[PDB]
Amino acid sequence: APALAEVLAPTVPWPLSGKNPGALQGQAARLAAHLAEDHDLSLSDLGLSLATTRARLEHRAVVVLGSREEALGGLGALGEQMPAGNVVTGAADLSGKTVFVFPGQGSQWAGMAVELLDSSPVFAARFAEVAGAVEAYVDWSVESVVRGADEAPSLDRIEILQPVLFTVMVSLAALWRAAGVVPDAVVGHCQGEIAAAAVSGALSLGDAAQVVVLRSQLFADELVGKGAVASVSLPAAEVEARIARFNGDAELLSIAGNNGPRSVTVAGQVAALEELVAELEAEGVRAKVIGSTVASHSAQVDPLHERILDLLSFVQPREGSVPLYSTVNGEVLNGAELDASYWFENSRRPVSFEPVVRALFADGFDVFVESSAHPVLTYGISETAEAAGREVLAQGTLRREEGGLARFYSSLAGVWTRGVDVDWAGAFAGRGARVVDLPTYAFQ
């Protein structure tokens, strides 16, 4: 029922496709002249007409426009083989087998989700549903946090951050689904698996919400101050060797995430971690301690085992609608095995991301949609793809300071232009747009 776009949202997308690049330029120039000549044309009529009455062809370009002059700018640049900030182009050369990627922390920024609360009814609807479910288990308001009201808790607090990023990531998924982009599989990084399970339907919304709320609250109580996570731009095995120096006679530092060929996360007590980061900042290596992070995925969580199994005894896992590529046990779960023990293992075992990306590649997944507010895993996935000679698209949803329909439609165009089927017609729903006559070029 809820639409991609508020009926008064000025942003709309114009999808175009030709046989070859010259046909795409010619139709764009014709379309520009069609618009220039008639000041009375509805941008929604033309959009609906492009999205409904045009052949789907290999060479693709989407113009994201909120006005005539943004449409003439886009179609002008398109027409003279020139780039532009609001034109996304590509060849439909991918199979479009899609995996939705739910990271943990690092996606967050102040203002995330706001522009879409005000401008996307689908996003708003899903955000209300999911927020509604988390607010059974907390006293604060998810919308109020996201909108940055005076009274609202701080995102610096792991126990506010996790439930919020969960709402945002799960709500972004439903916006893709309304655009016609459904996952054929789902992957999650630590707390991202809680979102993937909600999006897969393996956990009820209510059960998923309660897990991220109770586990992040348990970490705020037991683990804040006693340890953190650091990111290091070395292969994991190289970092394992360096870690051995510290934590000689006990696990003070442990690998927390094999994220990439040259990207690993380490967890443990703050001092050992800061010593490791400085020793490595010396030898040119990109290593930093992530803020608002506890030393999960380490021995520090072993003592909370009995408390976590009781806290999450309520979870009734069930078979989901798509497979979850576990980054805990490296299996292809159907979701019915995501009980209390899984959610302990999810918070204890080092995140095995790098190998499930390779496994996904081999299984023929060639489109990676990160259902997040800023891309934390997509560049890693691209770097892995090129090191392996694979053609994939790793596509983020929103970015820092770009969190509205213009950004969504650009990300939606990233995936359409590379051969994912998209319901562009849905951009115009509820507007009473009509199909109108379009210039034909070399065809139609």
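So that there is no doubt, residue numbering starts at 1 and follows the sequence shown.
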query	finding
Given 143 to 151 and 245 to 253, the range whose Cα B-factors average higher in the PDB entry	245 to 253
303 to 311 versus 198 to 206 - which carries the larger mean C-alpha B factor in the record	303 to 311
71, 158, 165, 278, ranked by C-alpha B-factor: the highest one	278
Identity of residue with top Cα B-factor, from 95, 326, 372, 269	269
Residue 118 - Cα temperature factor, lowest/middle/highest third of chain	lowest
Lowest, middle or highest third - CA B-factor, residue 39	highest
Lowest, middle or highest third - CA B-factor, residue 191	middle
Entry-reported Cα temperature factor of residue 18, expressed as the chain third it lands in	middle
Ranked against its chain, the third holding the CA B-factor of residue 182	middle
